[PDB]
Structure formats: structure tokens, C-alpha cells
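Next comes coords.cif, a file with mmCIF, C-alpha atoms.
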```
data_model
loop_
_atom_site.group_PDB
_atom_site.id
_atom_site.type_symbol
_atom_site.label_atom_id
_atom_site.label_comp_id
_atom_site.auth_asym_id
_atom_site.auth_seq_id
_atom_site.Cartn_x
_atom_site.Cartn_y
_atom_site.Cartn_z
ATOM 1 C CA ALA A 1 -56.772 84.961 54.117
ATOM 2 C CA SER A 2 -53.079 85.514 53.218
ATOM 3 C CA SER A 3 -50.680 85.409 50.224
ATOM 4 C CA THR A 4 -47.815 83.619 52.014
ATOM 5 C CA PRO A 5 -48.037 80.296 53.916
ATOM 6 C CA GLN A 6 -48.412 81.189 57.594
ATOM 7 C CA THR A 7 -47.758 77.581 58.693
ATOM 8 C CA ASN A 8 -44.076 76.568 59.019
ATOM 9 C CA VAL A 9 -42.492 73.710 56.990
ATOM 10 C CA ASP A 10 -40.310 71.697 59.423
ATOM 11 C CA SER A 11 -36.808 72.043 57.864
ATOM 12 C CA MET A 12 -34.012 74.573 57.477
ATOM 13 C CA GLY A 13 -30.255 74.544 58.281
ATOM 14 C CA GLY A 14 -30.261 70.807 59.201
ATOM 15 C CA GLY A 15 -28.749 69.437 62.448
ATOM 16 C CA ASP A 16 -31.993 66.100 54.129
ATOM 17 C CA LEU A 17 -29.535 63.765 52.309
ATOM 18 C CA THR A 18 -25.940 63.805 51.018
ATOM 19 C CA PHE A 19 -24.206 63.173 47.682
ATOM 20 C CA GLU A 20 -23.053 59.882 49.279
ATOM 21 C CA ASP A 21 -26.704 58.807 49.758
ATOM 22 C CA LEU A 22 -27.465 59.863 46.159
ATOM 23 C CA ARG A 23 -24.580 57.632 44.984
ATOM 24 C CA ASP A 24 -25.909 54.727 47.092
ATOM 25 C CA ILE A 25 -29.149 54.921 45.029
ATOM 26 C CA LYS A 26 -26.949 54.837 41.879
ATOM 27 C CA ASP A 27 -25.069 51.765 43.218
ATOM 28 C CA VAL A 28 -28.312 49.821 43.912
ATOM 29 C CA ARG A 29 -29.597 50.777 40.417
ATOM 30 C CA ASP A 30 -26.419 49.805 38.501
ATOM 31 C CA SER A 31 -25.637 46.645 40.605
ATOM 32 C CA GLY A 32 -28.105 44.553 38.540
ATOM 33 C CA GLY A 33 -29.727 41.339 39.783
ATOM 34 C CA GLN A 34 -33.238 40.943 41.153
ATOM 35 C CA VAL A 35 -33.660 44.225 43.106
ATOM 36 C CA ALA A 36 -32.733 46.320 40.050
ATOM 37 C CA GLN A 37 -35.058 44.310 37.756
ATOM 38 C CA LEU A 38 -38.033 44.707 40.158
ATOM 39 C CA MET A 39 -37.600 48.497 40.356
ATOM 40 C CA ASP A 40 -37.234 48.577 36.515
ATOM 41 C CA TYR A 41 -40.552 46.646 36.293
ATOM 42 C CA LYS A 42 -42.048 49.326 38.603
ATOM 43 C CA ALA A 43 -40.846 52.073 36.191
ATOM 44 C CA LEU A 44 -42.288 50.131 33.192
ATOM 45 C CA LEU A 45 -45.691 49.655 34.916
ATOM 46 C CA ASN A 46 -45.952 53.347 35.825
ATOM 47 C CA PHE A 47 -44.507 54.941 32.642
ATOM 48 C CA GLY A 48 -43.915 52.259 29.939
ATOM 49 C CA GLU A 49 -47.121 52.552 27.810
ATOM 50 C CA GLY A 50 -46.240 56.124 26.778
ATOM 51 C CA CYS A 51 -48.422 59.159 26.619
ATOM 52 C CA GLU A 52 -51.015 61.405 24.985
ATOM 53 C CA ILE A 53 -51.335 65.224 25.067
ATOM 54 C CA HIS A 54 -54.841 66.673 25.382
ATOM 55 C CA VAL A 55 -55.635 70.360 25.088
ATOM 56 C CA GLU A 56 -59.201 71.390 25.958
ATOM 57 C CA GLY A 57 -60.618 73.650 23.207
ATOM 58 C CA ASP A 58 -57.653 72.684 20.986
ATOM 59 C CA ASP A 59 -59.533 73.600 17.775
ATOM 60 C CA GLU A 60 -59.935 77.196 19.038
ATOM 61 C CA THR A 61 -56.120 77.557 19.288
ATOM 62 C CA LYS A 62 -55.682 77.437 15.445
ATOM 63 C CA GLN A 63 -52.866 79.846 14.576
ATOM 64 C CA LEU A 64 -50.179 80.180 11.872
ATOM 65 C CA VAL A 65 -46.959 79.043 13.586
ATOM 66 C CA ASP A 66 -44.599 79.440 10.609
ATOM 67 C CA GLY A 67 -46.774 79.845 7.501
ATOM 68 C CA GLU A 68 -48.777 76.712 8.462
ATOM 69 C CA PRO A 69 -51.903 76.258 10.709
ATOM 70 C CA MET A 70 -51.307 74.512 14.043
ATOM 71 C CA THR A 71 -53.245 73.807 17.184
ATOM 72 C CA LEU A 72 -51.446 73.910 20.532
ATOM 73 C CA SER A 73 -51.590 70.086 20.723
ATOM 74 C CA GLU A 74 -49.921 69.848 17.283
ATOM 75 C CA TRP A 75 -47.246 72.341 18.384
ATOM 76 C CA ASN B 1 -23.438 25.909 40.215
ATOM 77 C CA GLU B 2 -23.902 24.117 36.840
ATOM 78 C CA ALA B 3 -20.329 22.739 36.988
ATOM 79 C CA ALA B 4 -20.905 21.735 40.650
ATOM 80 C CA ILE B 5 -24.079 19.771 39.721
ATOM 81 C CA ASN B 6 -22.211 18.003 36.870
ATOM 82 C CA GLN B 7 -19.293 16.987 39.151
ATOM 83 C CA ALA B 8 -21.743 15.925 41.916
ATOM 84 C CA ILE B 9 -23.795 13.725 39.497
ATOM 85 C CA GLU B 10 -20.597 11.879 38.473
ATOM 86 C CA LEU B 11 -19.486 11.253 42.082
ATOM 87 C CA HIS B 12 -22.877 10.787 43.791
ATOM 88 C CA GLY B 13 -25.587 10.209 41.130
ATOM 89 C CA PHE B 14 -24.611 6.545 40.519
ATOM 90 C CA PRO B 15 -24.061 3.647 42.995
ATOM 91 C CA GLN B 16 -20.495 2.301 43.297
ATOM 92 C CA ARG B 17 -19.265 -1.153 44.353
ATOM 93 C CA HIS B 18 -17.171 -1.526 47.549
ATOM 94 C CA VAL B 19 -15.649 -5.001 47.991
ATOM 95 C CA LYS B 20 -14.341 -5.448 51.549
ATOM 96 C CA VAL B 21 -11.921 -8.357 52.012
ATOM 97 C CA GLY B 22 -10.890 -10.250 55.160
ATOM 98 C CA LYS B 23 -12.399 -10.871 58.591
ATOM 99 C CA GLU B 24 -12.755 -7.961 61.011
ATOM 100 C CA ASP B 25 -9.816 -8.328 63.479
ATOM 101 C CA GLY B 26 -8.663 -11.096 61.063
ATOM 102 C CA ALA B 27 -5.589 -11.614 58.870
ATOM 103 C CA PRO B 28 -4.522 -8.394 57.039
ATOM 104 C CA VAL B 29 -4.977 -8.167 53.261
ATOM 105 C CA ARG B 30 -2.235 -6.375 51.223
ATOM 106 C CA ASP B 31 -2.400 -4.538 47.850
ATOM 107 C CA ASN B 32 -1.217 -7.527 45.741
ATOM 108 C CA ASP B 33 -3.984 -9.614 47.353
ATOM 109 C CA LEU B 34 -6.631 -7.017 46.408
ATOM 110 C CA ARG B 35 -5.393 -7.047 42.737
ATOM 111 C CA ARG B 36 -6.669 -10.642 42.376
ATOM 112 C CA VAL B 37 -10.000 -9.726 44.024
ATOM 113 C CA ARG B 38 -10.227 -6.719 41.640
ATOM 114 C CA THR B 39 -9.825 -9.153 38.696
ATOM 115 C CA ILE B 40 -12.823 -11.223 39.982
ATOM 116 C CA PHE B 41 -15.173 -8.265 40.656
ATOM 117 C CA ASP B 42 -14.053 -5.943 37.781
ATOM 118 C CA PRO B 43 -17.125 -3.861 36.654
ATOM 119 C CA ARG B 44 -15.560 -3.799 33.146
ATOM 120 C CA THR B 45 -15.867 -7.600 32.674
ATOM 121 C CA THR B 46 -19.018 -8.025 34.853
ATOM 122 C CA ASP B 47 -22.378 -8.615 33.164
ATOM 123 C CA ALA B 48 -25.857 -7.850 34.549
ATOM 124 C CA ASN B 49 -26.568 -11.478 35.596
ATOM 125 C CA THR B 50 -23.163 -12.440 37.065
ATOM 126 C CA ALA B 51 -23.291 -14.519 40.275
ATOM 127 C CA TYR B 52 -20.719 -14.459 43.088
ATOM 128 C CA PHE B 53 -19.623 -17.394 45.225
ATOM 129 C CA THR B 54 -17.548 -16.545 48.303
ATOM 130 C CA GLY B 55 -16.377 -17.559 51.719
ATOM 131 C CA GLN B 56 -17.776 -15.667 54.724
ATOM 132 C CA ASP B 57 -14.863 -13.137 54.753
ATOM 133 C CA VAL B 58 -15.738 -11.298 51.519
ATOM 134 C CA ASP B 59 -18.295 -8.473 51.792
ATOM 135 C CA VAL B 60 -19.834 -6.915 48.666
ATOM 136 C CA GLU B 61 -20.934 -3.489 49.906
ATOM 137 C CA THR B 62 -22.482 -0.621 47.927
ATOM 138 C CA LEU B 63 -21.887 3.093 47.969
ATOM 139 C CA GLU B 64 -25.477 4.099 47.263
ATOM 140 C CA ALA B 65 -26.529 6.922 44.953
ATOM 141 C CA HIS B 66 -26.689 9.712 47.560
ATOM 142 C CA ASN B 67 -29.824 11.860 47.178
ATOM 143 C CA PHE B 68 -29.561 15.555 46.386
ATOM 144 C CA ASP B 69 -32.126 17.746 44.625
ATOM 145 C CA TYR B 70 -30.133 18.904 41.587
ATOM 146 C CA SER B 71 -33.489 19.659 39.880
ATOM 147 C CA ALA B 72 -34.289 22.203 42.625
ATOM 148 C CA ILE B 73 -30.765 23.722 42.383
ATOM 149 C CA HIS B 74 -31.230 24.081 38.574
ATOM 150 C CA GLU B 75 -34.643 25.735 39.057
ATOM 151 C CA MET B 76 -33.129 28.177 41.588
ATOM 152 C CA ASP B 77 -30.172 28.989 39.262
ATOM 153 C CA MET B 78 -32.508 29.427 36.281
ATOM 154 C CA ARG B 79 -34.887 31.649 38.334
ATOM 155 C CA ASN B 80 -31.950 33.852 39.407
ATOM 156 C CA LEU B 81 -30.535 34.094 35.852
ATOM 157 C CA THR B 82 -33.894 34.668 34.071
ATOM 158 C CA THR B 83 -35.052 37.317 36.620
ATOM 159 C CA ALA B 84 -31.607 39.021 36.342
ATOM 160 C CA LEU B 85 -31.750 39.091 32.494
ATOM 161 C CA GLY B 86 -35.433 40.218 32.740
ATOM 162 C CA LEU B 87 -36.844 37.172 30.861
ATOM 163 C CA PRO B 88 -39.820 35.172 32.277
ATOM 164 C CA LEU B 89 -38.843 31.905 34.022
ATOM 165 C CA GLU B 90 -40.545 29.952 31.195
ATOM 166 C CA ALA B 91 -37.811 31.076 28.729
ATOM 167 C CA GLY B 92 -35.381 28.872 30.733
ATOM 168 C CA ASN B 93 -37.423 25.628 30.313
ATOM 169 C CA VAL B 94 -38.517 25.894 33.994
ATOM 170 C CA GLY B 95 -42.122 25.919 35.246
ATOM 171 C CA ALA B 96 -43.622 27.385 38.426
ATOM 172 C CA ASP B 97 -46.829 26.767 40.415
ATOM 173 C CA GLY B 98 -49.715 29.297 40.350
ATOM 174 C CA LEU B 99 -47.853 31.561 37.877
ATOM 175 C CA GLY B 100 -48.995 29.629 34.760
ATOM 176 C CA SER B 101 -52.597 30.951 34.786
ATOM 177 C CA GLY B 102 -55.025 33.870 35.310
ATOM 178 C CA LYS B 103 -54.093 37.414 36.391
ATOM 179 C CA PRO B 104 -50.624 36.209 37.612
ATOM 180 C CA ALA B 105 -49.819 35.120 34.027
ATOM 181 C CA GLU B 106 -51.332 38.332 32.558
ATOM 182 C CA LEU B 107 -49.052 40.514 34.743
ATOM 183 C CA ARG B 108 -45.749 38.750 33.886
ATOM 184 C CA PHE B 109 -46.454 38.625 30.133
ATOM 185 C CA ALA B 110 -47.586 42.295 30.280
ATOM 186 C CA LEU B 111 -44.264 43.189 32.044
ATOM 187 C CA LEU B 112 -42.329 41.400 29.263
ATOM 188 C CA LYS B 113 -44.290 43.253 26.526
#
```
Could you express the structure from this file as C-alpha cells?
Amino acid sequence: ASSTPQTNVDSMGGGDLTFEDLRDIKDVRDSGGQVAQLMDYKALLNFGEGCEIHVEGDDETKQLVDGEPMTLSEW
Amino acid sequence: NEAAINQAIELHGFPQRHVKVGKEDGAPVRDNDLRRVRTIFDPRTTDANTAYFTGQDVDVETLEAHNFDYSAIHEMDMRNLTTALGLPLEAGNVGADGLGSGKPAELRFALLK
């Protein structure tokens, strides 16, 4: 096979979106009301329960970081 | 919308008495004549079991209480406000069908939490 994509990727040089379009997204977001609350609920459903970091073989990573033992997950 | 409902209840929530005096195409009645009729039919001095005796050319009409669904307007206003402030509708003392139970309820209370 090959080390570069040999298929093309359907965009360069244009005629995808402007700073004006980016500021329209900002306007919808800051305008409040029902649309903004629904898309905030969407963000809360996807990302609102927070997170956990897992390293596989974390115990093997034990190293003195600054005169104290840490695993990579602890770091 | 709250102020509009309050003003509308005063004007339209209660019946009002309309006394019509004179025959149609009859003799005209003037303001000073109506002052004496006003004295007879005054809602201030009227009691619940008053009876009226008249000739044929006095009509005691009623402006009815005109129906509008102020309850539905309140629910709509409260839904808009609660959804805008991100509270569940129940915080506004307003209920909704189907949303009070099961996985629908679980989702909305999970969203709040």
C-alpha cells in the first residue's frame, strides 16, 4: 500500500463557512429561550456526568515524578 | 400576558347588567331619564332576591361572562418561562399529561440534576 492518502478529499480553494456564520451560532447560543435551553440539555446529557481516566498497566508506570511515586493516571 | 389576563378577567370574567329603556322606534330617552332608572336598578343597593316590576318598554339585558381560556394562557406562559429559566414545568405549579410518570419523568428530573 502507500504512506499518503491516494484518494482526494473534495475541498480546496472554495468557489466552508465564514466568521459571520460562526457569529450566527454565537447569536443563537446567547439569545436564550427554548432553543438555547434544549441545546444546553444536549451538552449536559453528553458531557455533564464528568469523567474518569484509565491507563492500562498503570501500576507498571510507577516512577518518581518529583521525589514522590506516581503512576501515569495519578500524574 | 399576566397583566392582560388580569385586565381581561375584570372586563370579561363577570356578567354585567344592561338595562335598555324605551320602545324600539319609540319615544327617545334622555340622560336625566336614565338617572332615575339607574336609581331603581343600582347594583350597589340591589340584593340577591330583589324583584322587578316593569312596563313592556324596559328590557333587563345581560352582558354575559365571555369565555376565554386564561388557564391555558397561564400554562403556556409558565411553560415558556420555566423552560427558558431551565426549571421543570412543575416548579411553576403547572402540570402536564404523560410527563408525570415513567421514563419521561426520569429524563426531565435527570436533566435537572
*Starting from the shown file, work through the PyMOL selection byres ((chain B) within 9 of (chain A)) and note down what comes out as a PyMOL selection string.*
chain B and resi 80-81+83-86+110-112
*Run the PyMOL selection byres ((chain B and resi 55-63) around 12) mentally over the shown coordinates, then write out the matched residues as a ChimeraX atom specification, using the chain letters and numbers from the document.*
/B:11-29,34,37-38,40-41,51-54,64-67
Only C-alpha atoms, please: the residues just picked out, written as an mmCIF file, keeping the file's coordinate frame.
```cif
data_model
loop_
_atom_site.group_PDB
_atom_site.id
_atom_site.type_symbol
_atom_site.label_atom_id
_atom_site.label_comp_id
_atom_site.auth_asym_id
_atom_site.auth_seq_id
_atom_site.Cartn_x
_atom_site.Cartn_y
_atom_site.Cartn_z
ATOM 1 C CA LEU B 11 -19.486 11.253 42.082
ATOM 2 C CA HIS B 12 -22.877 10.787 43.791
ATOM 3 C CA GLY B 13 -25.587 10.209 41.130
ATOM 4 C CA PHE B 14 -24.611 6.545 40.519
ATOM 5 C CA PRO B 15 -24.061 3.647 42.995
ATOM 6 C CA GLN B 16 -20.495 2.301 43.297
ATOM 7 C CA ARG B 17 -19.265 -1.153 44.353
ATOM 8 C CA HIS B 18 -17.171 -1.526 47.549
ATOM 9 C CA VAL B 19 -15.649 -5.001 47.991
ATOM 10 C CA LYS B 20 -14.341 -5.448 51.549
ATOM 11 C CA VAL B 21 -11.921 -8.357 52.012
ATOM 12 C CA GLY B 22 -10.890 -10.250 55.160
ATOM 13 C CA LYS B 23 -12.399 -10.871 58.591
ATOM 14 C CA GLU B 24 -12.755 -7.961 61.011
ATOM 15 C CA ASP B 25 -9.816 -8.328 63.479
ATOM 16 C CA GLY B 26 -8.663 -11.096 61.063
ATOM 17 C CA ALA B 27 -5.589 -11.614 58.870
ATOM 18 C CA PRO B 28 -4.522 -8.394 57.039
ATOM 19 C CA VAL B 29 -4.977 -8.167 53.261
ATOM 20 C CA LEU B 34 -6.631 -7.017 46.408
ATOM 21 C CA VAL B 37 -10.000 -9.726 44.024
ATOM 22 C CA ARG B 38 -10.227 -6.719 41.640
ATOM 23 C CA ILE B 40 -12.823 -11.223 39.982
ATOM 24 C CA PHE B 41 -15.173 -8.265 40.656
ATOM 25 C CA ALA B 51 -23.291 -14.519 40.275
ATOM 26 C CA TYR B 52 -20.719 -14.459 43.088
ATOM 27 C CA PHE B 53 -19.623 -17.394 45.225
ATOM 28 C CA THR B 54 -17.548 -16.545 48.303
ATOM 29 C CA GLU B 64 -25.477 4.099 47.263
ATOM 30 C CA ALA B 65 -26.529 6.922 44.953
ATOM 31 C CA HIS B 66 -26.689 9.712 47.560
ATOM 32 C CA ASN B 67 -29.824 11.860 47.178
#
```
_Residue by residue, what does the PyMOL selection byres ((chain B and resi 73) around 12) grab here? Present the result as a list in words._
residues 1, 2, 3, 4, 5, 6, 8, 68, 69, 70, 71, 72, 74, 75, 76, 77, 78, 79, 80 and 94 of chain B
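The coordinates place atom CA of residue 9 of chain B at 22.0 Å from atom CA of residue 42 of chain B.
Atom CA of residue 43 of chain B lies 21.1 Å from atom CA of residue 7 of chain B.
One distance worth recording is that between atom CA of residue 44 of chain B and atom CA of residue 10 of chain B, which is 17.3 Å.
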Report, as lines of an AutoDock Vina configuration file, the axis-aligned box around all atoms of segment 31-42 of chain A present in the file, extended by 8 Å on each side; give centre and edge lengths in Å to one decimal place.
```
center_x = -33.8
center_y = 45.1
center_z = 39.7
size_x = 32.4
size_y = 24.4
size_z = 22.8
```
May I ask you to restore N, CA, C and O atoms in segment 94-106 of chain B and write the result as a short mmCIF file (atom, residue, chain, number, x, y, z; two decimals), in the coordinates of the input?
```cif
data_model
loop_
_atom_site.label_atom_id
_atom_site.label_comp_id
_atom_site.auth_asym_id
_atom_site.auth_seq_id
_atom_site.Cartn_x
_atom_site.Cartn_y
_atom_site.Cartn_z
N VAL B 94 -38.17 26.16 32.60
CA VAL B 94 -38.52 25.89 33.99
C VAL B 94 -39.93 26.41 34.27
O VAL B 94 -40.26 27.55 33.94
N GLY B 95 -40.77 25.55 34.87
CA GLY B 95 -42.12 25.92 35.25
C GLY B 95 -42.20 26.40 36.69
O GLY B 95 -41.26 26.25 37.47
N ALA B 96 -43.35 26.99 37.05
CA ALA B 96 -43.62 27.38 38.43
C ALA B 96 -45.11 27.28 38.73
O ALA B 96 -45.95 27.53 37.86
N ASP B 97 -45.45 26.94 39.98
CA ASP B 97 -46.83 26.77 40.42
C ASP B 97 -47.55 28.12 40.51
O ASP B 97 -46.96 29.11 40.94
N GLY B 98 -48.84 28.15 40.14
CA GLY B 98 -49.72 29.30 40.35
C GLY B 98 -49.49 30.44 39.35
O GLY B 98 -50.41 31.20 39.05
N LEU B 99 -48.28 30.52 38.80
CA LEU B 99 -47.85 31.56 37.88
C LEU B 99 -48.26 31.27 36.43
O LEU B 99 -48.17 32.15 35.58
N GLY B 100 -48.70 30.04 36.13
CA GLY B 100 -49.00 29.63 34.76
C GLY B 100 -50.36 30.09 34.23
O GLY B 100 -50.64 29.88 33.05
N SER B 101 -51.19 30.71 35.09
CA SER B 101 -52.60 30.95 34.79
C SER B 101 -53.08 32.31 35.29
O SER B 101 -52.42 32.96 36.10
N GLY B 102 -54.24 32.76 34.78
CA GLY B 102 -55.02 33.87 35.31
C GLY B 102 -54.30 35.22 35.34
O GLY B 102 -53.38 35.46 34.55
N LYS B 103 -54.67 36.08 36.29
CA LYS B 103 -54.09 37.41 36.39
C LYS B 103 -52.61 37.40 36.75
O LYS B 103 -51.88 38.29 36.31
N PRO B 104 -52.07 36.41 37.51
CA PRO B 104 -50.62 36.21 37.61
C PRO B 104 -49.90 36.10 36.28
O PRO B 104 -48.90 36.79 36.08
N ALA B 105 -50.40 35.27 35.35
CA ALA B 105 -49.82 35.12 34.03
C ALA B 105 -49.92 36.43 33.24
O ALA B 105 -48.92 36.89 32.70
N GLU B 106 -51.10 37.06 33.24
CA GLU B 106 -51.33 38.33 32.56
C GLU B 106 -50.30 39.38 32.96
O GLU B 106 -49.73 40.03 32.08
#
```
